[PDB]
Amino acid sequence: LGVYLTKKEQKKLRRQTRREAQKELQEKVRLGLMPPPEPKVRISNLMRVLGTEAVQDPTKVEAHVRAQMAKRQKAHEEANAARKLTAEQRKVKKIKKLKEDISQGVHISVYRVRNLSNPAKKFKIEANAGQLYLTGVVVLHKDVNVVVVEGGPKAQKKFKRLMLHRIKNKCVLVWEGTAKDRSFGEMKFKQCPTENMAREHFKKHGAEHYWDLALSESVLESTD
Amino acid sequence: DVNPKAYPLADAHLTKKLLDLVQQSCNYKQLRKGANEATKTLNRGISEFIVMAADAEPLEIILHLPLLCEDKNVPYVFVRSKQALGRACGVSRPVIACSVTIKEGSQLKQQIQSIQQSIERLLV
Amino acid sequence: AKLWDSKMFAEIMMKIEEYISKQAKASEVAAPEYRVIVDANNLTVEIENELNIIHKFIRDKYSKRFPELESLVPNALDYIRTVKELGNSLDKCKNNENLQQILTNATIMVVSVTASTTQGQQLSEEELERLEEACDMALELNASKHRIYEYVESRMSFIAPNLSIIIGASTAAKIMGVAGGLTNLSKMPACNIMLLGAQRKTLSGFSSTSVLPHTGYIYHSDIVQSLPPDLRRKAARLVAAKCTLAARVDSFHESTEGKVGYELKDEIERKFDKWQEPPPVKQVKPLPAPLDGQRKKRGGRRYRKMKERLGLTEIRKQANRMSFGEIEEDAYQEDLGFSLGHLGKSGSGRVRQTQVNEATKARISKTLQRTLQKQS
Amino acid sequence: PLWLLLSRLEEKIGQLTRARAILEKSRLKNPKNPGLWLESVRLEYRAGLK
Amino acid sequence: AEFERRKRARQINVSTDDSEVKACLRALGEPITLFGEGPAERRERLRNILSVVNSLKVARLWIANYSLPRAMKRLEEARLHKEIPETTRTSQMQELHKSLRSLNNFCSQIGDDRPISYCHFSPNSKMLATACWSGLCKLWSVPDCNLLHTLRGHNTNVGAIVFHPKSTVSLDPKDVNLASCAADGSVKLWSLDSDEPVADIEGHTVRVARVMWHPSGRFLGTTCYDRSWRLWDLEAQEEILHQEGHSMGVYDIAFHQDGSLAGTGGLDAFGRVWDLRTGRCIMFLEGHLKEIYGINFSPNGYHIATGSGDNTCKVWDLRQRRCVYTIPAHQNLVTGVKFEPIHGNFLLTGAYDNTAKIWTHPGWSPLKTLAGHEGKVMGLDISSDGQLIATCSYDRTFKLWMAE
RNA sequence: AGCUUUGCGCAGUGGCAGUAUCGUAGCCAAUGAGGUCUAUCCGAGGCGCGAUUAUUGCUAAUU
């Protein structure tokens, strides 16, 4: 139920925060708690700031100016690096944004592929499901290849796009839907030479209806 | 509560998602504010979906938008607040109707399609 | 072949539905009255789409005689009345005849002047008879449209009770007829509704401001026309927006009492009064007291640039110097005493001419630059 | 061309609803085709269903 | 020093409401308004201060007396079907399967210029009633799609219109024939000869989704969004049971062909099979996620099918009092679920996937996908003859399907 | 695992213009601000008032 801010509102906030910070710094300087700010000097600004000093001691003034510039650059780098996501912390943010809450419900998609012989494609499916927390099963038959994928809606959409455009016999979405609870674990890529034990394995998880739909659709396609 | 005339009313989660998408569309220069601009987008067929508020008084001033959406085959949804909808559009003034336009190659296309699918299965 | 054949069917249907409308009017003062209003408002669209076809046919036929009158008279009804009045004989004293009612005096003199050098041949007698037949049919269609508008305006207290309150029944009738229906009116943005009934009036050697452009029935409504001309555009926009709101309310047959209409009219009146509100009391700023105390002014890049701009330039330093005893020659008739001084003259001490300082180059304002960018 | 000609026959036959069904089936079998869409639009326009 | 106090004052959040500022100031005892102190100065002062510091029984008896003989007769009918040779049952099974796979879009008629929310077949399978969102109900001839008797309808969107079970067969056309539900909750009774409503059932202050008669034709079941479903008695002209068992709104109600049971499917994601004879929830459906938008008791008398937003059609067995099979039907929200009216020949499903599918009732395997339409299929119905299928849709058109 | 888009901050470097920058418990405004062009089309702030070296600070001189 958050409320967004208009661009004028953002400009007002930034302007008033910067003005408050400037007033605080000026008050600190005037009160004596802070030394007055020295003029900012660059190479092009060297003579305009200290021409009298640059004439007598050119190299000393050059060193002082470069020291001030390097101090500013070092402060900038320290501010940037100090506030930098640790390498493990980067993963923690990434490992969490991809973990959808399946407490409310799990989205299940069923795919049937004519051919899945390529080991590279098998590795692609397995790795993509593992990274996206897409628990499921792959059952290999002569023609039917039931790919049950369960997880979060974002992961489901990404994985559907994966086999629809990123990975190439054709790939057909059998059924996409939701269920109360998950019923399969990590990718296993079970080999099922015959239909009976494939149906039995799908019955072990209580999801034999996916196999039934895939087999019936494959039979109808073969007759067509 | 809300006016029963606004039957395709979104819940809290969909309201938040819709407001986020509206703000993103405003950032991408893909949004039209106001009922008149929504009508113009509907007549030109360049509207992905129409989001309108349920606090418009009277609500009949925007009840023509569902009819135009049905005629042009465009999803539409009702949000519970005309002040939060205006804020999502980037305008402090309340907005009772906003239209998300069609821009080819936009990075919001996937989110727009997901929101369209969510809306089209919520009306009944 | 087709338009002439369909004209008889259109006339028959219009007569039948006009008899139905007369019966409904008599009965008012299971065949409900709302269907009668819908039939009449569809009749308005049919009459418009037949009248424009008739006007195109007359324009094509009359173009052989006086081809230029179409541009001078863009209005369809005015075109038909003008070609009826002039006919085949352009110079037949028709200029001081009923044309003064049909057309403005300026466009009357324009069309007379154009007819002076028509370079168009006379029309055959069959072409004549066809032209007067088409003109009479168009005038009869216009009269039927006027009757339908009168009937609809008589019943605006029921079909659009809210929109009647704002602009009145007559303007309501006009906008409903030109929009094609109350439902068509509601499914239309307020910007388009404000332009309903607008005519692309020709400007005859005048600015487009004099001939009010983008002005429709709402701009000429009673409430909008009651404001001073400098506020009538905003008045038209606001009234059009509120009329669009009322039409959207009316198309759903809500607030039949007119509560929405009364609220919208009250809001419009309040906004009009605010626009007419007298200016507030504004304090007079006294002259600043003269000051002699020292004032410290910052330096830096901005001060350097202002010093470079306002500072004396070698071209101007040299033009301020005038030689002693070197009586020069007058170089500007229009202003005597003007001289270049030492610029390009002996005794300057400089062999080469001073270059132009680019810091003094002319530049335009930021807001002016924005306006120029917008104009592009 | 076979689809639209059969639909036009059904329109001429007087059973316009069968023509609507045939055109719908044609569009289903041939998705995103302007030719079938044009005839489907003309069928309703010629039937007065503007 | 005081500069740090000023820095603290900035970080202090103070309410922007003038009344709240005055209340907070009065709570601390300080004067609410100093002389010439506006709301902004009042807020500044608050900031500085904070920085410093009996008809039911009769109806049940009648329902029991009507239902027990019918349940018994269904039992002996099932026993006789068991006595029928398995070869004959199998043969008629593949005959039905071959007939279903030959279905085609017979006709396509625009019901109205607005989406059609419901379609119902007349008991004689010769008239079709379509419920539209424009507030108009229309009656259409089944063999040929043409309007024959329009209805003035409601004012809001019409949810569902259902023919009386004895209509067009026994009772006169001037009597009650149809019951239609609207989006405002109003329920109106209709006759085949009068366009205006015969009667207007009231009491539903909130929208009612579905309205369907009891198979006996005497009781009318209405489901409201008040987490309630009501049973209306035509003879008594008064609602009988306003049962409140659903946690959320109740969408669909299905009655038992025997008349003993009634099933309510609501937005609670769970279904309940109430007992019309005792008014107690005999069996509680569970397993569907998200709202259930469809339910229909099978003519077999022991199978229940429900359609929900899970893109699934769960079949529930009354004998085992548990779900038996979950059909993942369609790729969008499932609304219409209906069996063959005569027997458990097949199962018809419709969803927001702008398509309809047919499944064998015993095997729950697909036979023919009724592909077509261009909008979400809101509702469907199968005629008593069983070879007629009507599917209204968001496409503003309804279609008929017969084997060819 | 990288890559990349948008918005918001925080800084760094660089460029440009001081006839302009702000303030709004003043008013109006997507329920439409404002429309010379393109008007059955355009779509966002406008106005009034106030501050000022046409943003404001320090520093160094003379004082």
# chains A, B, ... in the order shown; residues from 1 in each chain; ligands from 1
$ residues_around --residues "residue 103 (chain A)" --least-positions-apart "6" --cutoff "12 Å" --atoms "only C-alpha atoms (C1' of nucleotides)" --output "ChimeraX atom specification"
/A:151-152,179-182 /E:289
$ residues_around --residues "residue 40 (chain F)" --least-positions-apart "4" --cutoff "9 Å" --atoms "only C-alpha atoms (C1' of nucleotides)" --output "mmCIF file with C-alpha atoms, in the first residue's frame"
data_model
loop_
_atom_site.group_PDB
_atom_site.id
_atom_site.type_symbol
_atom_site.label_atom_id
_atom_site.label_comp_id
_atom_site.auth_asym_id
_atom_site.auth_seq_id
_atom_site.Cartn_x
_atom_site.Cartn_y
_atom_site.Cartn_z
ATOM 1 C CA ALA C 179 -22.513 13.271 -32.370
ATOM 2 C CA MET C 188 -16.150 10.643 -26.959
ATOM 3 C CA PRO C 189 -13.446 12.746 -25.266
ATOM 4 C CA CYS C 191 -11.800 17.761 -26.511
ATOM 5 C CA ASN C 192 -13.746 16.337 -29.460
ATOM 6 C CA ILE C 193 -17.090 17.362 -27.941
ATOM 7 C CA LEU C 195 -15.283 20.910 -31.465
ATOM 8 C CA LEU C 196 -18.709 19.439 -32.258
#
$ residues_around --residues "region 231-237 of chain C" --least-positions-apart "5" --cutoff "10 Å" --atoms "only C-alpha atoms (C1' of nucleotides)" --output "list in words"
residues 190, 191, 193, 194, 195, 214, 215, 216, 217, 218, 219, 220, 221, 223, 224, 225, 226, 242, 243, 268, 271, 272, 275 and 276 of chain C; 32, 34 and 35 of chain F
$ closest_atom_pairs --of "chain A" --to "chain F" --cutoff "9 Å" --atoms "only C-alpha atoms (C1' of nucleotides)" --output "Markdown table"
| residue | atom | partner | partner_atom | distance |
| --- | --- | --- | --- | --- |
| A:10 | CA | F:8 | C1' | 8.7 |
| A:14 | CA | F:9 | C1' | 8.9 |
| A:26 | CA | F:57 | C1' | 8.3 |
| A:36 | CA | F:58 | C1' | 8.0 |
| A:37 | CA | F:58 | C1' | 8.4 |
| A:38 | CA | F:59 | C1' | 8.5 |
| A:39 | CA | F:59 | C1' | 8.4 |
| A:72 | CA | F:12 | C1' | 8.2 |
| A:73 | CA | F:12 | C1' | 6.9 |
| A:76 | CA | F:11 | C1' | 6.1 |
| A:77 | CA | F:12 | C1' | 8.6 |
| A:79 | CA | F:11 | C1' | 7.6 |
| A:80 | CA | F:11 | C1' | 7.7 |
$ select_by_dssp --residues "region 87-222 of chain A" --states "helix (DSSP H, G or I)" --output "JSON, numbers by chain"
{"A": [87, 88, 89, 90, 91, 92, 93, 94, 95, 96, 97, 119, 120, 121, 122, 123, 124, 125, 126, 127, 128, 129, 130, 131, 153, 154, 155, 156, 157, 158, 159, 160, 161, 162, 163, 164, 165, 166, 195, 196, 197, 198, 199, 200, 201, 202, 203, 204, 208, 209, 210, 211, 212, 213, 214, 215, 216, 217, 218, 219, 220, 221, 222]}
$ residues_around --residues "residue 24 (chain A)" --least-positions-apart "3" --cutoff "12 Å" --atoms "only C-alpha atoms (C1' of nucleotides)" --output "ChimeraX atom specification"
/A:17-21,27-31,33-34 /E:3-4,6-8,10
$ closest_atom_pairs --of "chain E" --to "chain D" --cutoff "8 Å" --atoms "only C-alpha atoms" --output "tab-separated table"
residue	atom	partner	partner_atom	distance
E:105	CA	D:21	CA	5.9
E:106	CA	D:18	CA	6.7
E:107	CA	D:18	CA	5.1
E:108	CA	D:21	CA	5.0
E:109	CA	D:17	CA	5.7
E:145	CA	D:17	CA	7.3
E:371	CA	D:28	CA	7.7
E:372	CA	D:28	CA	6.3
E:373	CA	D:24	CA	7.1
E:399	CA	D:21	CA	7.9
$ atom_distance --atom1 "CA of residue 76 (chain B)" --atom2 "CA of residue 161 (chain C)"
29.0 Å
